[PDB]
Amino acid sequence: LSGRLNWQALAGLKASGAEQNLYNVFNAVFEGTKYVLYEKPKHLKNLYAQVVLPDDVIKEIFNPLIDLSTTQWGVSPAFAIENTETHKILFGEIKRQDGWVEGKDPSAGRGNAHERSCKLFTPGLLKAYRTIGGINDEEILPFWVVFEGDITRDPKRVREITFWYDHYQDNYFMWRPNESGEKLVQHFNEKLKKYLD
């Protein structure tokens, strides 16, 4: 099964003048390929209820009338890309945020909600992602964060995120204003697709 992408279908989406977002872009480029996109995938929805808490903690917290054995508490990624042959999955997030850009003061980029995406660096979620998605190669992280909005052109935010990721520079992508869906797909195609093999 070739891993070639459907650039013709993507060009049609672009030509249809339709506003491109991550979903219609990957949906178009994956048509007839061995890849499929999921919006709000459910693979990681059953992680927390089964967590074993010391009896000392149980006594100190609120214990609702609930059957934890059948309770599914977990996370809901913005999206996931699956190679339907190997069934390996890359889970992703989309962080949209304003930023300090031309004509604005630094305060326009003072927001910090994007830090929330760093929950993916916790050892527990890294372990869960690797187990469920199948990407065990230590060379890359098992998630992909796509940033959107003026934060992607903010001199401070861009350097901050670059600093955070350190040697995992391909695990995030800055999808800048007015940029084509093609560049978003090229990042996946050139830097991440091989890890689903």
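All residue numbers refer to positions in the sequence shown, first residue = 1.
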| task | On mean C-alpha B-factor from the PDB entry, just flag whether 126 to 134 or 65 to 73 is the higher one. | result | 65 to 73
| So 171 to 179 or 19 to 27, which one's hotter by mean CA B-factor in the entry? | 19 to 27
| remark: Comparing C-alpha B-factors across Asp166, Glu160, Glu39, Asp150 in this entry, the winner is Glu39
| request: Would you mind checking which of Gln97, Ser107, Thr86, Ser117 has the top Cα temperature factor in the PDB entry? | output: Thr86
| message | Among the modelled residues of this chain, does the Cα B factor of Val145 put it in the lowest, middle or highest third? | response | lowest
| message | Lowest, middle or highest third: which one holds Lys34 when the chain's residues are ordered by CA B-factor from the entry? | response | highest
| said: Using the temperature factors of the C-alpha atoms in this entry, rank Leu13 within its chain: lowest, middle or highest third. | reply: highest
| task | Please place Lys156 in the lowest, middle or highest third of its chain by C-alpha B factor as given in the entry. | result | lowest
